[PDB]
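Taking it in order: structure first as structure tokens, then the write-up.
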There are 4 protein chains.
Amino acid sequence: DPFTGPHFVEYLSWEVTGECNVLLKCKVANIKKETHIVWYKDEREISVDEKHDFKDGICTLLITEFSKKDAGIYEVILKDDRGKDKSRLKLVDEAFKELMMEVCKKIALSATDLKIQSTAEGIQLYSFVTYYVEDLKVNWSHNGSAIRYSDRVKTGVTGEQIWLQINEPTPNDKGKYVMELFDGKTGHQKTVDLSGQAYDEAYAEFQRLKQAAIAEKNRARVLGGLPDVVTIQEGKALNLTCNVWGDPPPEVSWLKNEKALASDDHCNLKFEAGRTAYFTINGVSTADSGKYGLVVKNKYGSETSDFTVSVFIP
Amino acid sequence: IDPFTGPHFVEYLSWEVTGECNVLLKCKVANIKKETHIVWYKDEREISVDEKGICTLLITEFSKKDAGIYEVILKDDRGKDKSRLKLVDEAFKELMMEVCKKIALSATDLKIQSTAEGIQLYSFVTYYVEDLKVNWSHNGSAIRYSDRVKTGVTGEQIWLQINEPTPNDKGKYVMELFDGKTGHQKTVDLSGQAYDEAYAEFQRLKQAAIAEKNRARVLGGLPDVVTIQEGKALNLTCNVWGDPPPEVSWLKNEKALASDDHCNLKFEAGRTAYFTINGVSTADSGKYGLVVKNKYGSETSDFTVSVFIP
Amino acid sequence: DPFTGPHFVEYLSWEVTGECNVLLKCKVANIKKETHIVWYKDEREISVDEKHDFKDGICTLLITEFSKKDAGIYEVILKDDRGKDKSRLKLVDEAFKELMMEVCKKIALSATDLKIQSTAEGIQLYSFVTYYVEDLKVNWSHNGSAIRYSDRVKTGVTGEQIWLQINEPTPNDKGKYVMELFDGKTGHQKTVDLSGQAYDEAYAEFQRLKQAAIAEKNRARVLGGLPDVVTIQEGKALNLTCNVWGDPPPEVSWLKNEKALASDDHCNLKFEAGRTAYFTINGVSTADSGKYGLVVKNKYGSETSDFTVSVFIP
Amino acid sequence: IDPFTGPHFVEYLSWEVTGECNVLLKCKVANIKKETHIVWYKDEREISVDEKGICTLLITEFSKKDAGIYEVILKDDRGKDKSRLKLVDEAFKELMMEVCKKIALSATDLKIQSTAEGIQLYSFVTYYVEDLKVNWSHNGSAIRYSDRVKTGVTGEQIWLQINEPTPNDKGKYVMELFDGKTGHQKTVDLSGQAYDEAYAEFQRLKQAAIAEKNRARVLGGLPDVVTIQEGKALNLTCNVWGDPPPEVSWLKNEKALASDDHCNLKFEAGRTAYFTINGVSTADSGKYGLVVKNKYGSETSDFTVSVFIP
């Protein structure tokens, strides 16, 4: 401590870390309480937090989600009534390029071996990265050739997932699959073989999923509009309405007290477009009380809707 | 008695008109034995009383059908005797006008009555009208019967229907009952204070009937309480009616509630209200109310949505 | 037809028939319409129906449920203004006795072979008669000896059923069983052998019935007092009460929304004497809505009671 | 400024009483530099304002605790200077009575107020009472404070509570505020038309409070609608309350219904009503009603039994 004014001991630098963040660093010395430590991106100040505290000895600032944005010129400016010292560190063309391709190695190294997983769309080829795409151009090889990209087989990425998909796989689609993660200078590969065993077993649950999923879409279904209990004064009239759906249009059927129920002039059921069932009583008498159910069903499934008309005599 | 000399007819078949215009066939028989038969005959065909000088036959609600020849025959093993009461043509034309005499000669004083439709004159015959001549005259003049002024007679009662009465319908109406060459009649003067009240009322019942027939009523379709589990959708409806067609509004807890996109109310062609919550939350539970009204009156239909959480 | 006055052609007599009724009869001749046919028991007139009709030729009157009551002196009296004829037929001591023992033969002849049937009380020995006991004294033989009557083995009759019962049968009770129907002069027998096969199989369903019937008596049981749905304004308090029973006293358990429910200060359950469960909410809040169940159970059985507190906010 | 001559105190620590009885510690400093420190001290211990000739320290809700010795020290590298404001013993006995002077000298005119419990006199001090001498005198006489006549002071407010007032409590009350050798007081005459209204009301609130506390209320236990299937048995209950204990009755559809053996009502110890249908038929469904009432008031609890057939 003098005075002559604070000063750096180590100048600005960068390293990569853990979840592939760029951490900047520098050591500083000769630091009064009342000293100022302030960072700047492109002369525009980074207004994170307090510039009225410090001790020793290292000074960091962490860049997150790092990418082309966090490029440009960074500087840490130490000051206080005694003096000022700048340490400037510059991240642009051919400085930055060195950095990007430097993150990716670390990204690329965290790339869980290629694994096989099927979905209702096809079979799918994914590897995990810890963690994340950027300027890490990406490529795939089926048996030593590029892959012609289509609507049946696509590539893509998702958060920390790198995937190849394969809608409507078939035997022609078995073979050797490889990943080319390209940082800028180097390349990196990871592989897997979609064949026999594994495959027969993926195309297995694939089929499963699709059949079940086609099914869980057009199964008949009561959408809503009945209550669970209605309670009505004897003699009054009653209108319930209930929307259904299915594809094919469904067959509705009514049930009072667990046996079938006939439409009729006094207890009239309608059905329409295969969209709307219409329960209706032109004067609820005690004998019209009990427990009703509506039951839609088509080829992919059934489903019922259960209500209770209880009645009181005024 | 004594064999022989067959049971005699001391007096032959004569009649009379007794009580509520019942005809009585009378006769006085003698020398009867408990082994004697008493049969009655209308136009050669057996009429049975109970089980066969006090023999009688009662004719109820006398008419043109009860006409024909009557005989009451008396016979056993000792002797047979016949009497006849012949009733066709002239001898019957005098029976009708005599059963009528008794009729006309007994009907309450004309009375006035207002109906929802008009003004009514009427008399009660403690008897029957079958083919009795009707005379309704207005001010000493035959009444022009139209689609406004009808006369008639319905079960025990005669009348004159004066639909939509003006004061022009005011005056001395007559009701002549005509039985042969005889005329017993009943008059009554529609004027002044009598009418002041009659017409007075008649209007009340009219205006009032107009209303109890167009005041917007709520027809039917709503429950009194629905219970639904949180999250499902509810679909009540309810037909209304009025003339002029009513205007509807709703309320959720005594406070007027307007339609949204979530709890939707509609109302089409003025005869149906659709109430439609769309994913009933607890918030949507409550005491709802549907009020229709028009110029003639109003009405509210209430229900309560309750909800449990599953 | 004269006249000299009606008269009998055959005098009063009796025969037995079908469902062992005594029918009386007689032929009559010379009958005007207006004639009188009237029957009398002990000079006291039988006032059945019309005495002002007749033709030819037979005249009957049927005694039903026949027994010691319908004894005494019967007479048919024809009259009308011409004359009178009586035919008298007398049914007392040694006339009647002849009749009683005469019905029974016909009763006894209709006696469906002895059959084996077990109940929850024991095994039971019954034969059917078409149809009915009276002065037909009845007796039983187990292996050629009278049967000592007790509280474990009783005799009896029921409408048209003649039975021997056998509470708590055991092997000592197998053997030859025979029926002695005794009219007055003769005797009649019908038999069956409670042994091996049949028996092992009766004592079978016997055991069944008793176990199941002991059970269907002390199984726990909700007797009543809950509704199926209650609907209450938010904030209000709620008292439900529900009586149960079992022997042994039962264990009650509550369930809200299909999992267990804890008594507590705000949702307090009691139970008492093993007779009365006590559901209670000191301010029903929406979160107290849902579907509850009460479930009593002891060693012989379970049983639940299901209700729903739905709530509306004023 | 200019090295050296350390930042000087032109005027030493003096005080004043400003605003809502806040005390101000004043001083006039000179020759300060932006590199100068300004620390405040109460009894040798650091008090921190914000972040260290206009220096000030605010004392909120002044009391006996804010007592002790004060110092405000000025120092940098050029020179250090101290001032002291000593506050213990006599010098502090004059601060209390001066903060009090400002207090007493500003309170609204006595006002009168009726509570459900009695009659209230009160004044609002736009300030604070900590240890301020209270003088309530009734007719120029010290008031005998008992279990009926309390004095006191609650947050910003002074008062005199006259429970169950008679006219004997009528007269010229005094409220002397005593700050040292000074006395500012407030009088007010409880008599005549002022009292006529005050007491007037006080009773209303009393009688009325008696009632809203014993009128038979229905406590809780009944549903608003029960639904049960035909034939099962129903067991509602409901605790009530009142003083004198209420009498209960029931109704089934606006018509008073009496207990039977089938649909049984009981009511024991006057705090619980048991309603108990025993095999609910359709006939037993309906709109039931439980009415309790006593001399102070009444209440009804409604519910509806509805039934379906299974």
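Labeling convention for the structure tokens: chains A, B, ... as they appear, residues from 1 per chain, ligands from 1 in order of appearance.
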Would you give me, as CSV, each residue of chain A having an atom within 12 Å of an atom of chain B, along with its shortest atom pair and that distance in Å to one decimal, using only C-alpha atoms and sorting by chain and residue number?
residue,atom,partner,partner_atom,distance
A:222,CA,B:232,CA,10.6
A:223,CA,B:233,CA,8.1
A:224,CA,B:233,CA,4.9
A:225,CA,B:234,CA,4.3
A:226,CA,B:234,CA,5.9
A:227,CA,B:228,CA,4.7
A:228,CA,B:228,CA,5.0
A:229,CA,B:227,CA,5.2
A:230,CA,B:226,CA,4.5
A:231,CA,B:225,CA,5.1
A:232,CA,B:223,CA,4.9
A:233,CA,B:224,CA,7.0
A:234,CA,B:223,CA,10.4
A:235,CA,B:220,CA,10.0
A:236,CA,B:220,CA,6.6
A:237,CA,B:221,CA,4.9
A:238,CA,B:221,CA,4.1
A:239,CA,B:221,CA,4.7
A:240,CA,B:236,CA,6.1
A:241,CA,B:235,CA,5.7
A:242,CA,B:235,CA,7.0
A:243,CA,B:235,CA,9.2
A:276,CA,B:235,CA,11.2
A:277,CA,B:235,CA,11.3
A:278,CA,B:235,CA,10.5
A:279,CA,B:221,CA,10.7
A:280,CA,B:221,CA,8.2
A:281,CA,B:221,CA,8.4
A:282,CA,B:220,CA,8.6
A:283,CA,B:220,CA,9.0
A:284,CA,B:221,CA,10.2
A:305,CA,B:232,CA,11.2
A:306,CA,B:228,CA,10.9
A:307,CA,B:228,CA,9.4
A:308,CA,B:227,CA,9.8
A:309,CA,B:223,CA,9.3
A:310,CA,B:225,CA,9.9
A:311,CA,B:224,CA,9.6
A:312,CA,B:224,CA,10.0
A:314,CA,B:224,CA,11.3
Next item on the list: Give me the residues within 8 Å of region 85-96 of chain C as a list in words, counting only C-alpha atoms and dropping any in the same chain fewer than 2 places off.
Entry: residues 6, 7, 8, 11, 12, 13, 71, 72, 73, 74, 75, 76, 77, 78, 79, 83, 98, 99 and 100 of chain C
Create the file for the chosen residues now, containing N, CA, C and O atoms and written as a CSV table (one decimal), in the first residue's frame.
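Result file follows (part.csv):
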chain,number,residue,atom,x,y,z
C,6,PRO,N,-140.3,-79.9,-7.0
C,6,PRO,CA,-139.0,-80.5,-7.4
C,6,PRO,C,-138.7,-81.7,-6.6
C,6,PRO,O,-139.4,-82.0,-5.6
C,7,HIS,N,-137.7,-82.5,-7.0
C,7,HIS,CA,-137.4,-83.6,-6.1
C,7,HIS,C,-136.0,-84.1,-6.5
C,7,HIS,O,-135.5,-83.8,-7.5
C,8,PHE,N,-135.4,-84.9,-5.5
C,8,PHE,CA,-134.1,-85.4,-5.8
C,8,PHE,C,-134.2,-86.7,-6.6
C,8,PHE,O,-135.2,-87.3,-6.6
C,11,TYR,N,-129.5,-88.9,-3.8
C,11,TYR,CA,-129.4,-88.2,-2.5
C,11,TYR,C,-128.0,-87.8,-2.2
C,11,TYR,O,-127.1,-88.0,-3.0
C,12,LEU,N,-127.8,-87.1,-1.1
C,12,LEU,CA,-126.6,-86.5,-0.8
C,12,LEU,C,-125.4,-87.5,-0.6
C,12,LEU,O,-125.6,-88.5,0.1
C,13,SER,N,-124.3,-87.2,-1.1
C,13,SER,CA,-123.1,-88.1,-1.0
C,13,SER,C,-121.8,-87.3,-1.0
C,13,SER,O,-121.8,-86.1,-1.2
C,71,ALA,N,-117.1,-80.5,9.9
C,71,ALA,CA,-117.9,-81.6,10.3
C,71,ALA,C,-119.3,-81.2,10.6
C,71,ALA,O,-119.6,-80.0,10.6
C,72,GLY,N,-120.2,-82.1,11.0
C,72,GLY,CA,-121.5,-81.8,11.3
C,72,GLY,C,-122.5,-82.3,10.3
C,72,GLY,O,-122.2,-83.1,9.4
C,73,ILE,N,-123.7,-81.7,10.3
C,73,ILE,CA,-124.8,-82.1,9.4
C,73,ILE,C,-125.2,-81.2,8.2
C,73,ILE,O,-125.5,-80.0,8.4
C,74,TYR,N,-125.1,-81.7,7.0
C,74,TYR,CA,-125.3,-80.9,5.8
C,74,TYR,C,-126.6,-81.3,5.2
C,74,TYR,O,-127.0,-82.5,5.2
C,75,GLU,N,-127.3,-80.3,4.6
C,75,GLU,CA,-128.6,-80.6,3.9
C,75,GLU,C,-128.9,-79.6,2.8
C,75,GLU,O,-128.6,-78.4,2.9
C,76,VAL,N,-129.4,-80.1,1.7
C,76,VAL,CA,-129.7,-79.4,0.5
C,76,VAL,C,-131.2,-79.3,0.5
C,76,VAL,O,-131.9,-80.4,0.6
C,77,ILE,N,-131.8,-78.1,0.4
C,77,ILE,CA,-133.3,-78.0,0.5
C,77,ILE,C,-133.8,-77.4,-0.7
C,77,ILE,O,-133.7,-76.2,-1.0
C,78,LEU,N,-134.5,-78.2,-1.5
C,78,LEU,CA,-135.1,-77.7,-2.8
C,78,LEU,C,-136.5,-77.2,-2.5
C,78,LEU,O,-137.3,-77.9,-1.8
C,79,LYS,N,-136.9,-76.0,-2.9
C,79,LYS,CA,-138.2,-75.5,-2.8
C,79,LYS,C,-138.6,-74.4,-3.8
C,79,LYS,O,-137.7,-74.0,-4.6
C,83,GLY,N,-143.6,-77.2,-4.1
C,83,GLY,CA,-143.3,-78.1,-3.0
C,83,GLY,C,-141.9,-77.9,-2.4
C,83,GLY,O,-141.3,-76.9,-2.6
C,98,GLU,N,-114.8,-92.0,9.3
C,98,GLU,CA,-114.7,-92.7,8.0
C,98,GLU,C,-114.1,-91.7,6.9
C,98,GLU,O,-113.3,-92.2,6.1
C,99,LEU,N,-114.5,-90.5,7.0
C,99,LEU,CA,-114.2,-89.5,6.0
C,99,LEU,C,-112.7,-89.0,6.2
C,99,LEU,O,-111.9,-89.0,5.3
C,100,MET,N,-112.4,-88.6,7.4
C,100,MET,CA,-111.1,-88.1,7.7
C,100,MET,C,-110.0,-89.1,7.2
C,100,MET,O,-109.2,-88.8,6.3
Next item on the list: Write down as a PyMOL selection string the residues of region 71-217 of chain A whose backbone DSSP state falls under strand (DSSP E or B).
Entry: chain A and resi 72-80+83-91+111+115-118+122-129+138-142+145-146+155-158+161-167+175-182+187-194
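Minimum distance to residue 203 (chain D) across D:264, D:163, D:301, D:285 (counting only C-alpha atoms) occurs at D:163.
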Checklist line | residue 195 (chain A) surroundings by only C-alpha atoms, 10 Å radius, close-in-sequence under 6 positions cut, as a list in words | finding: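 Near residue 195 (chain A), the qualifying residues are residues 171, 173, 174, 175, 176, 201 and 202 of chain A.
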Atoms to include: N, CA, C and O atoms. Write the selected residues as a short mmCIF file (atom, residue, chain, number, x, y, z; two decimals), in the first residue's frame.
data_model
loop_
_atom_site.label_atom_id
_atom_site.label_comp_id
_atom_site.auth_asym_id
_atom_site.auth_seq_id
_atom_site.Cartn_x
_atom_site.Cartn_y
_atom_site.Cartn_z
N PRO A 171 -35.10 -51.15 -43.40
CA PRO A 171 -33.81 -51.80 -43.61
C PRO A 171 -32.79 -50.99 -44.43
O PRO A 171 -31.62 -50.96 -44.05
N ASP A 173 -32.03 -48.26 -44.16
CA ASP A 173 -31.52 -47.23 -43.24
C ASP A 173 -30.53 -47.75 -42.20
O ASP A 173 -29.89 -46.98 -41.50
N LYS A 174 -30.41 -49.07 -42.08
CA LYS A 174 -29.38 -49.66 -41.24
C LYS A 174 -28.02 -49.29 -41.81
O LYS A 174 -27.93 -48.87 -42.97
N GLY A 175 -26.98 -49.44 -41.01
CA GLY A 175 -25.64 -49.11 -41.47
C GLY A 175 -24.82 -48.34 -40.45
O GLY A 175 -25.21 -48.23 -39.29
N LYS A 176 -23.68 -47.82 -40.89
CA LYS A 176 -22.78 -47.11 -39.99
C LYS A 176 -23.03 -45.63 -39.99
O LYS A 176 -23.08 -44.98 -41.04
N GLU A 201 -34.89 -54.26 -32.64
CA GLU A 201 -35.53 -53.97 -31.36
C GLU A 201 -36.01 -52.53 -31.25
O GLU A 201 -36.85 -52.22 -30.41
N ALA A 202 -35.47 -51.66 -32.09
CA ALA A 202 -35.84 -50.25 -32.13
C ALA A 202 -37.02 -50.11 -33.02
O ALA A 202 -38.01 -49.49 -32.64
#
Next item on the list: Identify all residues of region 191-303 of chain C in alpha helix (DSSP H) (DSSP on the backbone) and supply them as a list in words.
Entry: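 So the alpha helix (DSSP H) residues in region 191-303 of chain C would be residues 196, 197, 198, 199, 200, 201, 202, 203, 204, 205, 206, 207, 208, 209, 210, 211, 212, 213, 214, 215, 216, 217 and 218 of chain C.
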May I have the selected residues written with C-alpha atoms, as a JSON list (two decimals), in the first residue's frame?
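As a result, part.json now contains:
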[["chain", "number", "residue", "atom", "x", "y", "z"],
["C", 196, "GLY", "CA", -71.79, -92.35, 2.55],
["C", 197, "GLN", "CA", -71.90, -90.50, -0.77],
["C", 198, "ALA", "CA", -75.15, -88.46, -0.34],
["C", 199, "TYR", "CA", -74.34, -87.74, 3.27],
["C", 200, "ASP", "CA", -70.70, -86.79, 2.92],
["C", 201, "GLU", "CA", -72.08, -84.41, 0.32],
["C", 202, "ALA", "CA", -74.86, -82.96, 2.50],
["C", 203, "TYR", "CA", -72.70, -82.48, 5.52],
["C", 204, "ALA", "CA", -70.66, -80.80, 2.84],
["C", 205, "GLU", "CA", -72.98, -77.99, 1.80],
["C", 206, "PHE", "CA", -74.18, -77.92, 5.31],
["C", 207, "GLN", "CA", -70.81, -76.88, 6.53],
["C", 208, "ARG", "CA", -70.74, -74.43, 3.56],
["C", 209, "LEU", "CA", -73.93, -72.79, 4.48],
["C", 210, "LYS", "CA", -73.22, -72.41, 8.14],
["C", 211, "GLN", "CA", -69.70, -70.95, 7.67],
["C", 212, "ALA", "CA", -71.04, -68.50, 5.05],
["C", 213, "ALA", "CA", -74.06, -67.74, 7.24],
["C", 214, "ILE", "CA", -72.18, -67.17, 10.44],
["C", 215, "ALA", "CA", -70.18, -64.89, 8.25],
["C", 216, "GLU", "CA", -72.99, -63.04, 6.54],
["C", 217, "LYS", "CA", -74.24, -62.08, 10.05],
["C", 218, "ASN", "CA", -71.25, -60.51, 11.84]]
